[PDB]
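Geometric and topological summary
Letter by letter, the chains look like this.
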Amino acid sequence: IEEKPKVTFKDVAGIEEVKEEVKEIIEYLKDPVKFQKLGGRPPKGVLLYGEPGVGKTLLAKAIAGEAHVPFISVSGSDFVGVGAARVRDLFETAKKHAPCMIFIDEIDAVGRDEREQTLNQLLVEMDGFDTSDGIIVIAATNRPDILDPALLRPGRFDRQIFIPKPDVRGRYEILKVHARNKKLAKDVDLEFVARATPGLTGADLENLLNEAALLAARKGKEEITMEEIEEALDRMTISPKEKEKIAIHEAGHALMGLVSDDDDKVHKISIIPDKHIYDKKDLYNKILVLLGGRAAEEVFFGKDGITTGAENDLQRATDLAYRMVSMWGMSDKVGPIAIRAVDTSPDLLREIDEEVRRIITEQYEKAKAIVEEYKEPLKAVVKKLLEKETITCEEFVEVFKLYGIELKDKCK
Amino acid sequence: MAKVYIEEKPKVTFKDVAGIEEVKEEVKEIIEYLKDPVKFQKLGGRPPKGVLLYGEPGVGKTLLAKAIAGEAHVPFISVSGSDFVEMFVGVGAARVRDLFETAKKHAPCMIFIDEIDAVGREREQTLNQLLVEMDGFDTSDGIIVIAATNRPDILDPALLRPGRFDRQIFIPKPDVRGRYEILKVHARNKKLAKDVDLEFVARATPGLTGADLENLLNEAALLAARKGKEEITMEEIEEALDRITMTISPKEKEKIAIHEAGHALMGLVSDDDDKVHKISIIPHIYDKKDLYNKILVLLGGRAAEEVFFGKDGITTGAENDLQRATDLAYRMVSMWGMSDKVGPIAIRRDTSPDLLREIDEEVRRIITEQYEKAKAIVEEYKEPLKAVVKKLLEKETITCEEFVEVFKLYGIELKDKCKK
Amino acid sequence: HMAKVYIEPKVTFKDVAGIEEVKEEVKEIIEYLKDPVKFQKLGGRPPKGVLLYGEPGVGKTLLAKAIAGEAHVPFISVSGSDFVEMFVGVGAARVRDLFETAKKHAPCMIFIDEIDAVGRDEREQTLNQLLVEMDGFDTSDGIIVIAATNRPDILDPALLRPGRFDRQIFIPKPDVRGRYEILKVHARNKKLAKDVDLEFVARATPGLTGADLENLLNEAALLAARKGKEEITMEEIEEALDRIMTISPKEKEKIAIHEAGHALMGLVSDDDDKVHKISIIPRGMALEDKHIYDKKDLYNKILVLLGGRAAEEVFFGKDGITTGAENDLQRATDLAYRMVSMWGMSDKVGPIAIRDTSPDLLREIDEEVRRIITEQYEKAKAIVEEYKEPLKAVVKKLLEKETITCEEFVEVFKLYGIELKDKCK
Amino acid sequence: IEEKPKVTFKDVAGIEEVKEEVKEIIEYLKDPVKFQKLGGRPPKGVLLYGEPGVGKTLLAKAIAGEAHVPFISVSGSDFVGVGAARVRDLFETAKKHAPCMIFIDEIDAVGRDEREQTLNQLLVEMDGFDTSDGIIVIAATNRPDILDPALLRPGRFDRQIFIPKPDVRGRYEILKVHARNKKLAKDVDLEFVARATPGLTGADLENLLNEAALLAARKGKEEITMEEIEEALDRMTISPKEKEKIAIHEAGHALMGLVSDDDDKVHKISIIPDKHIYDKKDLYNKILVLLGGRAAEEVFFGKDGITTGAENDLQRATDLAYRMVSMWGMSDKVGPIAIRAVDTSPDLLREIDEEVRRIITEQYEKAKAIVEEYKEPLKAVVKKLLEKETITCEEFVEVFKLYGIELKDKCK
Amino acid sequence: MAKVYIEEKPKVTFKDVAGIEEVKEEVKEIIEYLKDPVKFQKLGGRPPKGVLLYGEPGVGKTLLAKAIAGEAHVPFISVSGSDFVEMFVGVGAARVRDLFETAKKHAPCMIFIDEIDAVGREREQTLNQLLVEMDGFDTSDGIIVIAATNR
Ligand SMILES: Nc1ncnc2c1ncn2[C@@H]1O[C@H](COP(=O)(O)OP(=O)(O)O)[C@@H](O)[C@H]1O
Ligand SMILES: Nc1ncnc2c1ncn2[C@@H]1O[C@H](COP(=O)(O)OP(=O)(O)O)[C@@H](O)[C@H]1O
Ligand SMILES: Nc1ncnc2c1ncn2[C@@H]1O[C@H](COP(=O)(O)OP(=O)(O)O)[C@@H](O)[C@H]1O
Ligand SMILES: Nc1ncnc2c1ncn2[C@@H]1O[C@H](COP(=O)(O)OP(=O)(O)O)[C@@H](O)[C@H]1O
Ligand SMILES: Nc1ncnc2c1ncn2[C@@H]1O[C@H](COP(=O)(O)OP(=O)(O)O)[C@@H](O)[C@H]1O
Ligand SMILES: [Zn+2]
Ligand SMILES: [Zn+2]
Ligand SMILES: [Zn+2]
Ligand SMILES: [Zn+2]
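Here is what the cut-offs are and how they apply
- Residues numbered from 1 in each chain as written, not as in the entry; some residues may be left out.
- Chains lettered and ligands numbered in written order.
- Part of a larger assembly, values for the part shown.
- Heavy atoms only, no water.
- Domains from an automatic or database assignment.
- Contact = heavy atoms within 4.5 Å.
- Salt bridge = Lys/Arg side-chain N within 4 Å of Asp/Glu carboxyl O.
- Polar contact = N/O pair within 3.5 Å; in protein donor to acceptor, adjacent residues only side chain to side chain.
- Nonpolar A, V, L, I, M, F, W, Y, C, P; charged D, E, K, R; others polar.
- Helix = DSSP H or I, 4+ residues; strand = E, 2+ residues; numbered from the N terminus.
- Buried < 20%, exposed > 50% of the residue type's maximum accessible area, 1.4 Å probe, protein only.
- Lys, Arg positive; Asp, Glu negative; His and termini not counted.
- Core = buried A, V, L, I, M, F, W, Y, C linked by side-chain atoms within 4.5 Å.
- Donors = N, O, S within 2.8 Å, 3.2 Å for Na, K, Ca; no water.
- Tetrahedral: all angles 85-135°; square planar, octahedral: opposite > 155°, others 65-115°.
- UniProt positions renumbered as here; feature names shortened; annotations may be inferred.
- Disulfide = S-S within 2.5 Å.

The deposited coordinates derive from X-ray crystallography, with the record listing a resolution of 2.96 Å.

If you want it as structure tokens, here you go:
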């Protein structure tokens, strides 16, 4: 697929922080020789990851549009040995249309036999082009956890941007953008609709206004009223009980961060989902923070109230614990041996799993004790998070200050 | 070569379509859009571009599409997916471009693509040309593309992507009422005798499609004609019926009904799991309690099978329920650290066999716990369940409300979990 | 595919700001290129390949161009990405042709930007062809190859072995003085106002490269021009600043202790390879067989690899050990695993070689590998514990100078009355 | 590679039994429509297997030559996804040149990922052509033991011909063929040279005469004398000690065959290397025969004298024992279960290996006892085999008859 | 493009080659064949068509080949495996056919292919053309091909 601009930042609502990040990509695509004579090297690949419908393809299309540069679209599933040829051809086409943008949706389909050979051909094509070409590849994925680490290595998709689900403010701005082409009545309050749609993506909101328009049309009306919007709403939204669980989890992580011995700045708590060296204590602390969400879930709701929301934090914590034991020899029992894994005895594998379980349980018990200790000021924080949807790190600290508890200065 | 058919305003309407009122209700916006596209356009409304109709052969997919066009009084442009088999060069891709060209010329109209699976499994040359033609037309054009398939499992995912055939409607095989209503529709042109009981014929045809029934009445008419009769009697209908000996056995039906009732009963009792709907013999954050409950519901079908038929009567029908239940149990233990024994460790899908054993043990613990629970529930409400199964066997399809009403008769108040 | 041949002035050392230590290192390269015959008659043997590694825009191509300029010698520029294809063995031919062109224009300089693209199968054939072309030319030719990389961590070790790019120079991001000196260089062709304080601009640009600063002054000049001014004021510089990361001092101390750890192992080893320039390079930058090694030589190579971590534990405790020892630990274990399962250097396992093997043997192998590593780790730790006081001294010097010579390390130990092994260069 | 006849059966020495087998292939290639109107179906693929240099490519070339039909040559190693395309193209070319012969040398390279996909493409191309095409594929391999069973399945290479190393008679006939283009002296005795070259292949003999010719030329002679032939010989021949070991092994197999309870006819003992149902006793007996060679080696030479020659017989015996246990449920311990194998518990695998070891050792002890019993008439048979190189089954039985032992009537 | 060298009767002999007497002894039949091919041909003798010389760079592979030609007083036709890098179409395969054509015209002679690894690792088009040209010539021609490789 080969398209042209016709979509800019005016069609993208919110994500101003993301918009700011990608601004160098738009400046580079406008005139690559300014950046080439400069000496600086822009990214070759940029990974856009988030939930479906958050506007990853939209952002990529807006980048191309703002730069007035061709947009060459393709999907990961569109890639027996002919898979590797298609990759070579895509980049060939791109170099011919330079300065332009390559867009790869579902990069996870090609980047997780024919499934492992096309992957390498993409990797070599990424290493094949330079800044001189004046081209940039933007990939999008809903499952970055299943991505091949090789893809994120330096020279290839070494830049990653997480596009989040819209907050109440974000939802309203999206609604405004998608309401432009709709004949809405005076009585419609888009501010209310934003409040009434926590959990929805930009796509869900676009569909909600589209559905309301189709209803008003079916009904035989010259405007869209709140009636239609409520009807379109009923036709994906976070329950108040669900919201409470998310808020307790999120507060859990923040409390761990504002109490953890060393580094990592804490930031904006919301009911919405390396060049550095780290010591053993730093990693124990990072695990402590990751388990915080779940620790809060158990302390507040019991063993039967623990939720599916802790999925990534648990994965990350365990992944970090295995690295400590099997890669960084941070276990006394295992020793300073490093295993990178089908030549290793089951006895060592057992010894590794045991140590990983030891670390996680140690920290989980610690995290739980901390939540148990500050349960009353936490309840207060959760009440604020439920009401406001989003709170600043400063706000959290000030709520604890009210309960006579001075937390660590780690915000922004 | 090639051949595209154009019926400027068809004569088939919803009166020629029987027993898919839920489907009829869904497609009503497509009718309203085709009647006046600018009413929609002048508001910012964007109807679907493509609508996928999938079901068994003869359930009435082309019929429904023809009725949509007829109800809207709009041309029906028919074409077959197999007619895009290029004879030298990329003539397949040209035909696609031409079909949409023809359609835009006859707007407001309907494009109908039978066997979309033939063009959407040089192959990706015609397929891509269809995909670009789908992205090429807008709501301004006032046209809609309806594709039909018997094999949606072999369809290219690209076809179902947003902007294309992003709306999919499953057309099911008719239940008793469905079958009778179809027979009534197809009996209209036929000279039937007074003795013919179409209500009996519908009961006697579980598993037949609208086409099979249309053919059954057509065969009975040919039998009566050859015999030298002016009317069609039950004799000819029974004779025409016998050409059916891949149907639903009554013993088989009982097993399906008990399994289906099993799931519904679990759903209407499960502590916080959500929304039960239409029981038929015819084909996000979750807490630990919610997932235990989801497993409970999945095991319901089998639990009912054992309670009613014994360990020797349990069936292959529980295959996917069992898989799903175990997959969910495995995720609770190895991914969401919902096991006290295993702890809050996560193994996403390298592992010592001792941990693998510990995981399998815990998964077995959860499933057996819930299976024993489900069985106890079926054992408790066996008498009102027998009542539900008896109703489900004669009606083939019952509403959740109907189930709850049967239980109400046995003095048992179930959870208000019916879909509204 | 192309190659660009530069004819000589324009770029000399006067256009290169604040890397005087680097400028001093490369001075032999400039002298050799001037008259290759005079320097071999004198006795000086030059490098075949010089690797320049650092972040993008840190003046690696600039330094290389200045070397060629100062020597008045052709500069043949090429990129690693120009030697990739998959389809046909034309990649290997281009390498042969580049060196052919170079020999025709001698005395001259070859410059390979992005050497990492060709240094990581049709790409492998090209990598080997480069390696053989490196071994193909001599000092008699009068050519030196300078390669530049932003990713030296992903470079093939084969490229850096003796005879190839065996000289490596790390070009760092400019500190405040560095930034100020660069600003001065790039301010020469600009009409700046009296009110502009380049010393302030230096403090206001932490983390920028020479390239970023060059562009900042260029952008400020364009803003003053578009405003209709003959001079550039602080207003335009602040505006140009807005239009567009770090290393911690605690982190720096950890790196310095780790790096010092390796060097102490090397200068005590009992039998090893040469040790050189100890430096505080960030995790991102910084970086066998063919010949015969005995069991003692390999035990010693493991000893050196564990040195960094051994220092981390001796100085910071078990809670202070860091992620920086990641490759050292991997390499040490790989080497231990080869000793046991390939070279039958274990008495318990015997002279058996495992290339389909019982778990009992796998257990026996893992046990022995753990024995070797722990033995050596305890040895390394004991060495760090013994020379903890002169090491603290080395780290303090390393922290303030950010880079110390092998000679400086040995003379610090000399101060503490400890005579180390004569290694270095 | 595409060649034309120019080589017939006159260039092939001996292998008259093989020559007789392939005669239908030559008659079919001459006029396929006679065989097509007939109703009969010739083989699609014919596998030629034997040691290197025995004349597998030669026989194939002679088949094409005798039939006056094109010979299209290719090798297995000449076959990333482009491997499967080459196969399709070869058969395309063949169908265009029909009636003709396809020749695939080293079929083991393609018939043992890209290594497993080209294999399937060959299998489908084999199933693609019919008798109507009037083409035949002849494959050659030195390692048929490593061949994928799929290749030998009905419709594809379901015909297999073993080409053996030449016996003294065979060697003489080959020497005669290769002596035709050589200027040999009157004193040269090719009958002696055959006797003096046991173990050599047709290729070795061709080279021996070629080397003798080059020596005589170098020496400055107008003829090749015995001097040159002996010199060329010295420049792969079976030692007399080695010969004794082979003879004891071969006698071992024959004795088992002439004593085994039921079926399988015994034939020609030499010092040179399904549509049917079998019962448990038949298979125990087949194992007994297979172990016979080794059993004789141990009885005669001791545990330190057992040799590498038993390699195939041991493989075959074990392969047969595993099939009895894991496929045909002929083990009481394992039961009537059939395992065809990465879903099976190690406990069952252990139980299977134990039973296989039980069967083999049982039979090995039996075979050894039989050799021990008839050691004296066996010594007599070995003396005859050493002298004559080859003996008939009848001759063996007659030698035992002399020692007053009446064997089973199982010859020909 | 391309370049094939012809030294009709070289001046390097075995006196210019040192310390490989075992190798010198092996190749002595190649010398004797090149001196008079019909002596061999009139007996049914078939010498090698191709001889591969492999070793480290600078051990004297081209030297030995040149000495073989010199000792036999036979032309030495030198060519490099890298010179079969086609410039459009299949011009690589044509060069191979031409080399053997040239050789047959100068018989009895010696073909020398340095870096045979460059042509023998479109790639299989020139490689196959070499293979067919090798199978194309006979002992009657009175020519020998000596290839040298480091890899
Ligand atoms: N942030 C947003 N602002 C405005 N519209 C949005 C936003 N996010 C999504 N949308 C709308 O939702 C639709 C789906 O977005 P898309 O980028 O295709 O999905 P994805 O994130 O899966 O790649 C588009 O039509 C786009 O207009
Ligand atoms: N629900 C139904 N109501 C009435 N007639 C039906 C129904 N389903 C099928 N039929 C009849 O069966 C025949 C086949 O219908 P058709 O649409 O072609 O099947 P398919 O789903 O394979 O496209 C038609 O003559 C139609 O009238
Ligand atoms: N040390 C420095 N002194 C002066 N100018 C510098 C310095 N570092 C960078 N610059 C300038 O920045 C630009 C980019 O430098 P360049 O050589 O391309 O960097 P690299 O090769 O490391 O990517 C050049 O114009 C150069 O003059
Ligand atoms: N039975 C034989 N009769 C005559 N010559 C033979 C015989 N076996 C081999 N040769 C000769 O030996 C050479 C090698 O035979 P070939 O068929 O190519 O080997 P392989 O059996 O490995 O395929 C040929 O030149 C052929 O003339
Ligand atoms: N054994 C040797 N005796 C004499 N000179 C030798 C010997 N080996 C190499 N040389 C000399 O070394 C040089 C290179 O020889 P050459 O054949 O080109 O090397 P290679 O094996 O790479 O082809 C020649 O000038 C040759 O005289
Ligand atoms: Zn979390
Ligand atoms: Zn079910
Ligand atoms: Zn280190
Ligand atoms: Zn045998």
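1. Focus: the domain arrangement of chain B
Residues and elements named next belong to chain B. Split by domain assignment, chain B resolves into domain 1 (1-173), domain 2 (174-246) and domain 3 (247-420). Spacing between the C-alpha centres of domain 2 and domain 3 amounts to 39 Å. The interface of domain 2 with domain 3 comprises 8 residues on the first partner and 8 residues on the second. The shortest N-O distance in the salt bridge between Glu396 and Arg179 comes to 2.7 Å. Scanning the region where domain 2 abuts domain 3 turns up 3 residue pairs in polar contact. In the side of domain 2 that touches domain 3, the residues fall into 4 nonpolar, 1 polar and 3 charged.

2. Here's the deal with the side chain of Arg88 of chain A
Inspection of the secondary structure assignment puts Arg88 of chain A in helix α5 (residues 82-96). Buried charged residue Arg88 of chain A carries no salt bridge. Nearest counter-charge: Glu125 of chain A, at 5.0 Å. Excluding residues within four positions of it along the chain, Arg88 of chain A makes contact with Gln121 and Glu125 of chain A together with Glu85 and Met86 of chain C.

3. Quick notes on the nonpolar core
Counting 173 residues, the largest nonpolar core has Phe396 of chain A, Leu265 and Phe403 of chain B together with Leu264 and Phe409 of chain C as its most contacted members. Among the elements that take part in this core, helix α14 (residues 295-316) of chain C stands out by supplying 11 residues, more than any other. Beyond its immediate stretch of four places on either side in the chain, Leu265 of chain B contacts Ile377, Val378, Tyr381, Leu385, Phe403, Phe407 and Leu414 of chain B. If you look at the next biggest cluster of nonpolar residues, it comprises 56 residues, including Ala71, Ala102, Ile144 and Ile169 of chain C.

4. Some thoughts on the coordination of the zinc ion (ligand 9)
Residues and elements named next belong to chain D. Ligation of the zinc ion (ligand 9) by protein atoms is provided by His249 (NE2), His253 (NE2), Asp313 (OD) and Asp313 (OD), these donors lying 2.1 to 2.7 Å from the ion. Considering all 4 donor atoms around the zinc ion (ligand 9), angles at the metal cover 54 to 142 degrees and the coordination shape is irregular. As far as the burial class goes, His249 and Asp313 line up, both buried.

5. Some details on the coordination of the zinc ion (ligand 7)
Six octahedral donors at a metal ideally form angles of 90 or 180 degrees, and four tetrahedral donors ideally form angles of 109.5 degrees. All names here are of chain B. Coordination sphere of the zinc ion (ligand 7), protein contribution only: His259 (NE2), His263 (NE2) and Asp321 (OD), at 2.1 Å. Here the residue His259 and the residue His263 both occupy positions in helix α12 (residues 250-267), the gap between them amounting to 4 residues, near one helical turn. Residue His259 is classed as buried on the basis of its relative accessible area, which comes to 7%.

6. Let's talk about the UniProt feature "binding site: Zn(2+)" in chain A
Residues and elements named next belong to chain A. With numbering matched to this structure, UniProt assigns "binding site: Zn(2+)" to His249, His253 and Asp313. On the secondary structure map, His253 appears in helix α12 (residues 240-257). In this structure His253 touches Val289, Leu290, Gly292, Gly293 and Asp313, once residues within four positions along its chain are discounted. Its location among the elements puts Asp313 in helix α14 (residues 311-326). Excluding residues within four positions of it along the chain, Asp313 makes contact with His249, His253 and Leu290.

7. With respect to the state of the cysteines
Scanning the model with the defined rule gives 4 disulfides over all chains in all. Here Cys400 of chain B connects covalently by a disulfide to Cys418 of chain B, the sulfurs 2.1 Å from one another. In this structure the cystine formed by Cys400 of chain B and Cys418 of chain B twists about its S-S bond by roughly -75 degrees; its chirality is therefore left-handed. Here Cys400 of chain B is found in helix α17 (residues 400-409), whereas its partner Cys418 of chain B is found in the segment after α17, with 18 residues between them in sequence. For the residue pair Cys400 of chain B and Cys418 of chain B, the accessibility class agrees, reading buried in each case. Between the sulfur atoms of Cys406 of chain C and its disulfide mate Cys424 of chain C the distance is 2.1 Å. Looking along the S-S bond of the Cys406 of chain C-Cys424 of chain C disulfide, the torsion reads about -65 degrees, which is the left-handed sense. One end of the pair, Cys406 of chain C, is in helix α18 (residues 406-415); the other, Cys424 of chain C, is in the segment after α18, with 18 residues separating them in the sequence. Of the residues examined, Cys424 of chain C reaches a relative accessible area of 8% and is grouped as buried.

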